[PDB]
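Residue numbers (the authors' numbering), protein chains in the order written: chain H, 405 to 508, 515 to 531; chain X, 41 to 127, 148 to 150; chain S, 341 to 374, 385 to 404; chain F, 151 to 340.
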């Protein structure tokens, strides 16, 4: 989450810089008209921030206020040498699971398929 | 607006005058059976307390009713306006 | 509780000021703007919509 | 001129509504609750992390790829846990067909021993080998500690939420009982 904190404060700084450039184009440094700060005026630039983050990922901007990023699936298992969270695959608009890298396959089923073709389910 | 009764002691009030609004309007139709009845109840209670010589003699109770619209955002906005007006006293 | 019943039946609502929402209540209760317009002599006790709330 | 959001979803909701009252923007980093993504109630809550709807979609995609259909929802109070378990239930009933054994919640201040019953209600049903958790670090560690007791080790795996995607706090009970626990975490980098 620290990368997210850094990206958030960098987006706020970029929004402040864009607001200073737009409201005060020919004024270097602090601008006198920027002292009465407004939440809507700052949000209008926060919702339009677009820059290269620290991890190379562009902070997307939208009218909703969310960033559609990937959700990496990690797993913590014991390897008898060094136990840590291992990543599986990316989430470029769909699933990218990798076989033979999970569960050192245990399956949770509500009712076992007992009938092999003779009994009823 | 809001109901404001001048008195020595002010009592705030949150009453759902309007109903839950849709995505277009913040406040819906006026709750005639829920909000207005409780409003009249509190007003009658305050009047009977002020007219009661045994309970709180020579002390008048005010009123600080505010519009709720059964919505948490509007009620919190009204509470913010109340705090800003205080910083009268309730 | 007969006290609130008497206070709501005897006292009329259109006369008492300082209650801004009571105007809209009277407007949407009689189903007419202030079309099927009505007069100020009408009361709520005669209306079947008045029910004592717990 | 602008406040940075909080971690807990309830605290984040509180500060978000209070700061949008006074017209001040807010950017969060660890509050992915879906009820905070609407522009009508939290218009000043532009966060930099995706919501829990994508998390529930990821959970249902994982339980589809792992061929899992019987799971048990558990979470603590606050907007985070309830919103996450509701989003997971909705995404599972929408098209995945996965149903839920039981939905038991963890109280705020459990007294006189009301925590062993939570894990007993999950151990009494052996078919629920999959458990999706949505609590914070404290309640998750307490659930893992309660599951480690009663002579139980590796009975059922845990589907970890965003609360402990890559946290080092719950790795002790993981090496103890919760071996091979699967969690989720948004795309980041060192």
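Ideal placement from N, C-alpha and C gives every residue a C-beta, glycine not left out.
Near chain F, meaning a CB-to-CB distance below 7 Å, the residues of the stretch 102-125 of chain X are 113, 116, 117, 120. Pairing residue 235 of chain F with residue 269 of chain F gives a Cβ-Cβ distance that is not under 9 Å. In this structure the stretch 217-227 of chain F does not touch the stretch 319-330 of chain F; the number of beta carbon pairs closer than 8 Å is below three.
Contact with chain H is found for residue 333 of chain F, since one of that chain's Cβ atoms lies less than 9 Å from the residue's Cβ.
Residue 175 of chain F and residue 237 of chain F have their C-alpha atoms spaced approximately 26 Å apart. Assignment of residue 487 of chain H by DSSP, reduced to helix, strand and coil, places it in the coil class. It is roughly 18 Å from the alpha-carbon of residue 478 of chain H to the alpha-carbon of residue 285 of chain F. With respect to the C-alpha of residue 112 of chain X, the residue from F/154, F/291, F/192 having the closest C-alpha is F/192. When Cβ pairs closer than 8 Å are counted between the two stretches, the stretch 450-469 of chain H is seen not to touch the stretch 430-437 of chain H, the count staying below three. In the DSSP assignment, residue 344 of chain S falls within the alpha helix (DSSP H) that extends over 342-349. Residue 103 of chain X is bridged by DSSP to X/45. Interface annotation for the stretch 357-370 of chain S against chain X: 358, 359, 360, 361, 362, 364, 365, 368, 369, criterion Cβ-Cβ distance under 8 Å. When Cβ-Cβ separations below 9 Å define contact, residue 395 of chain S makes no contact with chain X. Linking residue 445 of chain H to residue 106 of chain X through their CA atoms gives a straight-line distance of about 30 Å. Assigned with DSSP and collapsed to three states, residue 364 of chain S falls in helix. Distance check between residue 253 of chain F and each of F/227, F/162, F/244 places F/227 closest, using alpha-carbon atoms only.
Taking 9 Å as the CB threshold, residue 284 of chain F stays off the interface with chain X. Secondary structure note for residue 420 of chain H: its alpha helix (DSSP H) is the uninterrupted segment 406-427.
Scanning its chain for C-beta atoms nearer than 8 Å, with the 5 sequence neighbours on each side dropped, one finds around residue 277 of chain F the residues 220, 251, in chain order. In this structure residue 186 of chain F is buried. Its beta-carbon is surrounded by 16 or more other beta-carbon atoms within 10 angstroms. Between residue 122 of chain X and residue 156 of chain F, the alpha-carbon positions lie close to 27 Å from each other. Secondary structure of residue 309 of chain F (DSSP, three-state): strand. Given a length threshold of 3 residues, each whole run of the beta strand (DSSP E) inside the stretch 269-334 of chain F is given here in chain order: 280-283, 307-309.
Around the beta-carbon of residue 46 of chain X, fewer than 16 other beta-carbon atoms lie within 10 Å, marking it exposed. For residue 168 of chain F, no Cβ of chain H is located within less than 9 Å of the residue's own Cβ.
Rounded to the nearest angstrom, the gap between the Cα atoms of residue 68 of chain X and residue 256 of chain F is 37 Å.
The alpha-carbon separation between residue 528 of chain H and residue 267 of chain F amounts to approximately 40 Å. Closer than 9 Å to the CB of residue 525 of chain H there is not a single CB belonging to chain F.
As DSSP reads the structure, residue 476 of chain H sits in a beta bridge with F/335. For the stretch 258-287 of chain F, residues whose beta-carbon sits nearer than 7 Å to a beta-carbon of chain H comprise 277, 278, 279, 280.
In this structure, residue 408 of chain H and residue 300 of chain F do not form a Cβ contact; the two beta carbons are roughly 38 Å apart against a cut-off of 8 Å.
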